[PDB]
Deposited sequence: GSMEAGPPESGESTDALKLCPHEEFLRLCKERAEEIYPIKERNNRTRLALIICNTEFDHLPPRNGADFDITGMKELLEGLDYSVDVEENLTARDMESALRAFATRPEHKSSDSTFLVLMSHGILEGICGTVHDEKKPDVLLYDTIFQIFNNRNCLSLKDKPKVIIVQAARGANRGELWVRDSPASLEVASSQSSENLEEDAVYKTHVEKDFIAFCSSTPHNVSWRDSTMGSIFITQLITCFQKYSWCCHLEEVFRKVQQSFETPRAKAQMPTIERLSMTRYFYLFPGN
């Protein structure tokens, strides 16, 4: 179960450490949005069994964190771009303090596979495209607001403009996975551990602390090969979720 931060601690932390913390909008008017894109059936790649467990767990976790969740399934890389660009113009971001993007598919080094991906003829949503669509120029509604990118994607001059890509954090599991009968039985180990660490720790620890406890659980001999990684960190503050408020 998702543990809740007391209303007392909510008021205290927000007042006493305001300069250090992403500001939270108050619950009544708040309209947080989150997006899940999950590809499970592929024209030239093996199916991803058990991904429904990951959708179910993340959707419900994000709803507990007071996000309204959209789910999109089995898109081409081009339709993933259009879905992301459409999500970025959604009016409800104006009355929100943050967003989550959850992206689940096969992966390559540079990005996320769309449904028609092939070695001959790649179909990839590049990671660089995701940050571009949501940067400080192309998505004003979310500027200065945390943009949390959750990626589950198992594998088999003029760049100084890092004034524009700010307040992102990406938490990715792109290490290979051995397909097995078990996949139809349970979700991905990354998504499972993510969910439980949000449940145990988000009431008292900020987002980066939650992520680091996730990584801690992967520090065993048989599990460290699947360790998830924090990437493209550009947060300028700590992000406390304050479950319940």
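According to the record, no C-alpha positions are given for deposited positions 1 to 15, 172 to 199, numbered from 1.
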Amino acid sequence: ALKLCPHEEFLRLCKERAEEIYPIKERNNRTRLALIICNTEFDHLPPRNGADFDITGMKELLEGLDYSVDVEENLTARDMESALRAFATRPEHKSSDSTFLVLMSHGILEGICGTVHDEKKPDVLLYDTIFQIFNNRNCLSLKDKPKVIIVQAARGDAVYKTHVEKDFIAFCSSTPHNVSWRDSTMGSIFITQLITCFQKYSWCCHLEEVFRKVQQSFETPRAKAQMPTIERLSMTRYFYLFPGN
From here on, numbers count along this sequence of modelled residues.
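In none of the other PDB entries of this protein that model the residues around it does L75 lack coordinates, well short of a third. Checked against the other entries of this protein, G156 counts as unresolved in at least one third of those spanning it. The stretch 24 to 32 shows the higher mean C-alpha B-factor when 24 to 32 is compared against 38 to 46 in the entry. According to the PDB record, 2 to 10 carries the higher mean C-alpha B-factor of the two stretches 2 to 10 and 234 to 242. Per the deposited coordinates, the residue with the largest Cα temperature factor out of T99, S105, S95, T76 is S95. Based on the entry's C-alpha B-factors, the most elevated value among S184, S188, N178, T56 belongs to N178. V124 sits in the middle third of its chain by CA B factor, as recorded in the PDB entry.
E63 sits in the lowest third of its chain by CA B factor, as recorded in the PDB entry. Annotation for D118: CA B-factor lies in the highest third of the chain's modelled residues. Remark: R137 belongs to the highest third of its chain, ranked by C-alpha B-factor as recorded. The deposited CA B-factor of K147 belongs to the lowest third of values across its chain.
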